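Dropping final-v6.txt in here (compact mmCIF, C-alpha atoms and all ligand atoms):
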```txt
# COMPACT_ATOMS: atom_id res chain seq x y z
CA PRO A 1 -24.03 -27.91 -16.09
CA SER A 2 -22.57 -31.01 -14.40
CA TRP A 3 -18.77 -30.95 -14.69
CA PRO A 4 -16.46 -32.71 -12.21
CA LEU A 5 -14.88 -30.49 -9.58
CA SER A 6 -11.11 -30.39 -9.23
CA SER A 7 -9.52 -32.07 -6.20
CA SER A 8 -6.88 -29.37 -5.67
CA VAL A 9 -6.30 -25.64 -6.04
CA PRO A 10 -3.21 -24.32 -7.87
CA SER A 11 -0.71 -22.20 -6.00
CA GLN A 12 -1.60 -18.49 -5.88
CA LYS A 13 1.25 -17.15 -3.76
CA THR A 14 3.04 -14.24 -5.44
CA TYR A 15 6.70 -15.19 -5.94
CA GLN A 16 9.31 -13.10 -7.76
CA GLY A 17 11.94 -15.86 -7.65
CA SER A 18 15.55 -15.72 -8.77
CA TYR A 19 14.78 -13.73 -11.93
CA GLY A 20 12.70 -10.98 -10.30
CA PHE A 21 9.54 -11.92 -12.20
CA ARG A 22 6.40 -9.78 -12.00
CA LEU A 23 3.57 -8.59 -14.22
CA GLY A 24 2.92 -5.16 -15.66
CA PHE A 25 -0.07 -3.66 -17.43
CA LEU A 26 -0.73 -0.77 -19.79
CA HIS A 27 -1.90 2.44 -18.10
CA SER A 28 -4.95 2.80 -20.33
CA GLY A 29 -7.28 4.98 -18.25
CA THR A 30 -11.06 4.66 -18.07
CA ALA A 31 -12.41 6.27 -21.25
CA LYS A 32 -15.56 4.55 -22.50
CA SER A 33 -13.70 3.38 -25.62
CA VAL A 34 -10.99 1.34 -23.84
CA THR A 35 -11.14 -2.37 -24.56
CA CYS A 36 -8.87 -3.40 -21.66
CA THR A 37 -7.86 -1.47 -18.53
CA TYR A 38 -6.10 -2.40 -15.30
CA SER A 39 -6.81 -1.07 -11.79
CA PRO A 40 -3.70 -1.12 -9.57
CA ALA A 41 -5.80 -0.28 -6.49
CA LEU A 42 -7.94 -3.38 -7.06
CA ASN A 43 -5.22 -5.45 -8.81
CA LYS A 44 -7.97 -6.08 -11.34
CA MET A 45 -8.11 -6.16 -15.13
CA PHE A 46 -11.34 -5.06 -16.82
CA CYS A 47 -11.70 -6.29 -20.39
CA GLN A 48 -14.15 -7.00 -23.21
CA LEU A 49 -14.85 -10.52 -24.46
CA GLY A 50 -12.47 -11.62 -27.20
CA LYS A 51 -10.50 -8.37 -27.32
CA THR A 52 -6.73 -8.05 -26.97
CA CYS A 53 -5.59 -8.00 -23.33
CA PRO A 54 -1.89 -7.12 -23.18
CA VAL A 55 -0.03 -8.46 -20.15
CA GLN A 56 3.64 -7.58 -19.65
CA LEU A 57 6.31 -9.83 -18.16
CA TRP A 58 9.10 -7.98 -16.36
CA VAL A 59 12.26 -9.74 -15.14
CA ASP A 60 15.50 -8.48 -13.58
CA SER A 61 17.54 -11.32 -15.13
CA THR A 62 16.90 -13.53 -18.13
CA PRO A 63 15.65 -17.08 -17.33
CA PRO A 64 17.23 -20.23 -18.82
CA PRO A 65 16.54 -21.74 -22.25
CA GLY A 66 13.25 -23.59 -22.42
CA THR A 67 11.48 -21.33 -19.93
CA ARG A 68 7.70 -21.13 -20.47
CA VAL A 69 4.83 -18.88 -19.39
CA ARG A 70 1.49 -20.42 -18.31
CA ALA A 71 -1.87 -18.71 -17.66
CA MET A 72 -4.77 -20.24 -15.73
CA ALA A 73 -8.03 -18.94 -14.25
CA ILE A 74 -9.50 -19.88 -10.87
CA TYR A 75 -12.49 -18.59 -8.96
CA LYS A 76 -11.55 -15.97 -6.36
CA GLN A 77 -14.17 -16.98 -3.77
CA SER A 78 -13.16 -19.83 -1.47
CA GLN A 79 -16.45 -21.69 -1.82
CA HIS A 80 -15.93 -21.94 -5.62
CA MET A 81 -12.16 -22.45 -5.79
CA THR A 82 -12.29 -26.17 -6.61
CA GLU A 83 -14.65 -25.60 -9.54
CA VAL A 84 -12.87 -25.51 -12.91
CA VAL A 85 -13.22 -22.14 -14.66
CA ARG A 86 -14.57 -22.90 -18.14
CA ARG A 87 -16.70 -21.36 -20.88
CA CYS A 88 -20.49 -21.34 -20.63
CA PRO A 89 -22.85 -23.62 -22.62
CA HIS A 90 -23.42 -21.07 -25.37
CA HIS A 91 -19.79 -20.13 -25.90
CA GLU A 92 -18.38 -23.67 -25.76
CA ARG A 93 -20.70 -24.50 -28.69
CA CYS A 94 -20.56 -21.32 -30.73
CA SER A 95 -17.69 -22.23 -33.11
CA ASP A 96 -15.57 -19.11 -32.56
CA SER A 97 -12.39 -21.20 -32.56
CA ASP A 98 -9.14 -19.73 -33.81
CA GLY A 99 -8.09 -23.24 -34.86
CA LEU A 100 -5.80 -23.68 -31.82
CA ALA A 101 -7.77 -23.12 -28.61
CA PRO A 102 -10.08 -25.81 -27.22
CA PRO A 103 -13.66 -24.49 -27.35
CA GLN A 104 -14.07 -24.89 -23.57
CA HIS A 105 -11.06 -22.73 -22.61
CA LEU A 106 -11.68 -19.26 -21.18
CA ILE A 107 -8.15 -17.90 -21.80
CA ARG A 108 -6.53 -17.82 -25.25
CA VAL A 109 -3.25 -16.38 -26.50
CA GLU A 110 -3.57 -14.29 -29.66
CA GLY A 111 -0.84 -13.87 -32.25
CA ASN A 112 1.51 -16.69 -31.24
CA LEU A 113 1.60 -19.88 -33.29
CA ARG A 114 3.81 -21.52 -30.63
CA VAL A 115 0.92 -21.61 -28.11
CA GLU A 116 0.01 -24.86 -26.32
CA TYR A 117 -3.24 -25.64 -24.49
CA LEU A 118 -3.58 -28.14 -21.63
CA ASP A 119 -6.50 -30.02 -20.10
CA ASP A 120 -4.76 -31.35 -16.99
CA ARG A 121 -5.50 -35.08 -16.78
CA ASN A 122 -5.34 -35.07 -12.96
CA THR A 123 -6.64 -31.66 -11.86
CA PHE A 124 -9.04 -31.11 -14.83
CA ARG A 125 -7.91 -27.48 -15.04
CA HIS A 126 -7.40 -25.61 -18.31
CA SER A 127 -4.28 -23.59 -19.06
CA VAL A 128 -2.47 -21.95 -21.98
CA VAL A 129 1.33 -21.82 -22.23
CA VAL A 130 3.84 -20.09 -24.54
CA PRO A 131 7.64 -20.10 -24.70
CA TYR A 132 9.20 -17.29 -22.69
CA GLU A 133 10.74 -14.73 -25.03
CA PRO A 134 13.01 -11.91 -23.83
CA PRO A 135 11.98 -8.33 -24.63
CA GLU A 136 12.21 -7.38 -28.29
CA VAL A 137 14.72 -4.78 -29.45
CA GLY A 138 13.57 -1.44 -28.08
CA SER A 139 11.49 -2.84 -25.21
CA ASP A 140 12.16 -3.59 -21.54
CA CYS A 141 9.36 -6.14 -21.07
CA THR A 142 7.76 -9.07 -22.85
CA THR A 143 4.15 -8.61 -23.91
CA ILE A 144 1.64 -11.47 -24.28
CA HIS A 145 -1.78 -10.85 -25.86
CA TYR A 146 -4.49 -12.76 -23.98
CA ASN A 147 -8.18 -13.03 -24.93
CA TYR A 148 -10.94 -13.88 -22.44
CA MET A 149 -13.72 -15.72 -24.24
CA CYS A 150 -16.71 -15.47 -21.84
CA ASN A 151 -18.25 -12.60 -19.93
CA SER A 152 -18.19 -12.58 -16.15
CA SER A 153 -22.01 -12.57 -16.40
CA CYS A 154 -22.25 -15.66 -18.64
CA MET A 155 -24.76 -17.90 -16.87
CA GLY A 156 -23.78 -21.53 -16.66
CA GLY A 157 -20.14 -20.41 -16.79
CA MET A 158 -18.58 -17.85 -14.44
CA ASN A 159 -22.13 -16.87 -13.48
CA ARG A 160 -21.09 -13.43 -12.10
CA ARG A 161 -18.40 -14.96 -9.88
CA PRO A 162 -15.03 -13.15 -9.81
CA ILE A 163 -11.96 -14.94 -11.13
CA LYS A 164 -8.23 -14.45 -10.93
CA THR A 165 -5.65 -15.21 -13.59
CA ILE A 166 -2.43 -16.84 -12.36
CA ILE A 167 0.69 -16.39 -14.52
CA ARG A 168 3.47 -18.92 -13.90
CA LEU A 169 7.05 -18.59 -15.13
CA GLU A 170 8.08 -22.25 -15.51
CA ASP A 171 11.17 -24.20 -16.46
CA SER A 172 10.95 -26.66 -19.34
CA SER A 173 9.73 -29.38 -16.92
CA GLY A 174 6.91 -27.25 -15.48
CA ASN A 175 8.70 -26.39 -12.23
CA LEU A 176 7.82 -22.97 -10.86
CA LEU A 177 10.33 -20.12 -11.25
CA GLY A 178 8.00 -17.18 -10.48
CA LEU A 179 4.32 -16.43 -10.03
CA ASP A 180 2.02 -13.42 -10.16
CA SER A 181 -1.72 -12.94 -10.47
CA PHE A 182 -4.58 -10.46 -10.99
CA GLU A 183 -8.36 -10.39 -10.78
CA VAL A 184 -10.31 -10.25 -14.06
CA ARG A 185 -13.76 -8.92 -14.92
CA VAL A 186 -14.95 -9.52 -18.50
CA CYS A 187 -17.67 -6.96 -19.19
CA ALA A 188 -19.37 -4.76 -21.76
CA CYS A 189 -17.76 -1.43 -20.75
CA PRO A 190 -14.44 -1.90 -18.91
CA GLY A 191 -13.72 1.81 -18.64
CA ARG A 192 -16.99 2.71 -16.93
CA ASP A 193 -16.93 -0.41 -14.75
CA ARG A 194 -13.39 0.35 -13.55
CA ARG A 195 -14.19 4.01 -12.87
CA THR A 196 -17.37 3.11 -11.00
CA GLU A 197 -15.45 0.73 -8.73
CA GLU A 198 -12.53 3.11 -8.18
CA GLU A 199 -14.41 6.38 -7.61
CA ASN A 200 -16.31 4.63 -4.80
CA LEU A 201 -13.21 3.43 -2.94
CA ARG A 202 -12.49 4.95 0.43
CA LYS A 203 -10.23 8.00 0.13
CA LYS A 204 -7.98 7.26 3.09
ZN ZN B 1 -20.03 -17.38 -22.19
```

Represent the structure from my file as structure tokens, please.
Amino acid sequence: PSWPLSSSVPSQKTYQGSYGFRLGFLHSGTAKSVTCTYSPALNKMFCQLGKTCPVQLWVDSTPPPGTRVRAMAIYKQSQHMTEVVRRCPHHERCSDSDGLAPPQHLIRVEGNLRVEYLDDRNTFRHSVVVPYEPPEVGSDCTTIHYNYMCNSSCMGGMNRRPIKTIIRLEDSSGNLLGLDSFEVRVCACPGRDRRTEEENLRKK
């Protein structure tokens, strides 16, 4: 499909910043039944389309009022980095909206009515942003539930190209306070796909 390319690439440089910001993930293992699982060796999340993908925010100090958390996908390969990551022709038309997310957006936030979605008028990139909340009573991190709404193999969309998700901790004006990122594969069996990739790594 003919969509305009972006004329920039968002920052990807990991940055803990003044608040010691970084991501964490559940240690879910590779059983066939897992719906989401993260590989630290590959810094790569494996997940199923539309299922809950918990991503943890860890900070050493609490950021100021009005702090926000933004997620955005970009292609990992340099020759595709200026192409906007978006849903494929089938999924952008299939009317699986939750009533909040634009039908073209790959990344949604589940379970948060305060969510905001952006089509950037200058860069054309899609992103989803929520208010930063500190950890709830009894927890040491903040958990956000993301959903990825196309498969990596969706033709006319990601078309088997790898992507990364960039998470930005922002002030109320959008200025960057911290940044982290991870690769994502959206697939039918995350547990087996993760184990197949990891068991074939070099044992150093
Ligand atoms: Zn799709």

Nearest to residue 53 of chain A among A:103, A:1, A:131, A:190, with distances taken over only C-alpha atoms: which residue is it?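 The answer is A:190, which sits nearest to residue 53 of chain A.
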
Min atom-atom distance to residue 123 of chain A from the set A:169, A:106, A:5, A:101, counting only C-alpha atoms, belongs to A:5

Collect all residues with atoms no farther than 7 Å from ligand ZN 1 (chain B), counting only C-alpha atoms and all ligand atoms, and output them as a PyMOL selection string. chain A and resi 87-91+149-151+154+157

Centre and size of axis-aligned box enclosing segment 46-52 of chain A plus 5 Å each side, as lines of an AutoDock Vina configuration file:
```
center_x = -10.8
center_y = -8.3
center_z = -22.1
size_x = 18.1
size_y = 16.6
size_z = 20.5
```

Report, in Å with one decimal, the straight-line distance from atom CA of residue 25 of chain A to atom CA of residue 142 of chain A. 11.0 Å

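The space between atom CA of residue 77 of chain A and atom CA of residue 170 of chain A spans 25.7 Å.
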
Applying 12 Å and only C-alpha atoms, which residues near residue 54 of chain A remain after dropping the ones on its own chain fewer than 3 positions away? List them as a PyMOL selection string. chain A and resi 23-28+35-38+45-47+51+57+108-111+141-148

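Computed from the coordinates, the atom CA of residue 130 of chain A to atom CA of residue 159 of chain A distance equals 28.4 Å.
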
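Closest approach to residue 40 of chain A from the set A:112, A:200, A:61, A:183 is made by A:183, with distances taken over only C-alpha atoms.
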
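With distances taken over all atoms listed in the file, A:58 is the one residue among A:3, A:182, A:58, A:75 lying closest to residue 135 of chain A.
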
Name all residues at most 9 Å from residue 122 of chain A (count only C-alpha atoms; drop same-chain ones fewer than 2 positions away) and give them as an MDAnalysis selection string. chainID A and resid 6:7 119:120 124:125

Selected residue, from A:64, A:4, A:50, A:17, that lies nearest to residue 134 of chain A when counting all atoms listed in the file: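 For residue 134 of chain A, the nearest of the candidates is A:64.
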